[PDB]
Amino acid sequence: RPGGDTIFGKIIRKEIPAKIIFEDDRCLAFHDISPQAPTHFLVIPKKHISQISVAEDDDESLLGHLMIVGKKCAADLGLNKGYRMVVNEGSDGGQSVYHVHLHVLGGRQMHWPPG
């Protein structure tokens, strides 16, 4: 079972349903089940990386691809006033699923500080 057995690994393998926005050979974008903004989705690699703190130097293009896919999906979803991208690392970051993921939130004014 490639991608691991976190919830996100199971979503990658179509074993648990998700509302998918975009999929390619590197990543998957799908809506967050507990949205914190009118639009709130996740972009995740298909390769399993537990957290950003352990990503390898060779993961650079993949991590950048998450952001490129994130911004393309945001435009496809009509987030013309903007959005916020978030990666949570570890306990202080609030991380609750140990498979790297980028949040994209929009459709309302986001506030500062970002949590």
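Counting begins at 1, following the sequence as shown.
Participant: Averaging C-alpha B-factors over each stretch, which comes out higher, 24-32 or 50-58?
Facilitator: Higher of the two, by average CA B-factor, is 50-58.
Participant: Between 3-11 and 104-112, which has the larger average Cα B-factor in the PDB entry?
Facilitator: Averaging CA B-factors over each stretch, the winner is 3-11.
Participant: Highest CA temperature factor in the entry: which of 90, 45, 70, 64?
Facilitator: Comparing C-alpha B-factors across 90, 45, 70, 64, the maximum falls on 90.
Participant: Considering only modelled residues of the same chain, in which third does the CA B-factor of residue 77 rank: lowest, middle or highest?
Facilitator: Highest third, going by the recorded CA B-factors of the chain.
Participant: Which third, lowest, middle or highest, does the CA B-factor of residue 97 fall in along this chain?
Facilitator: Middle third.
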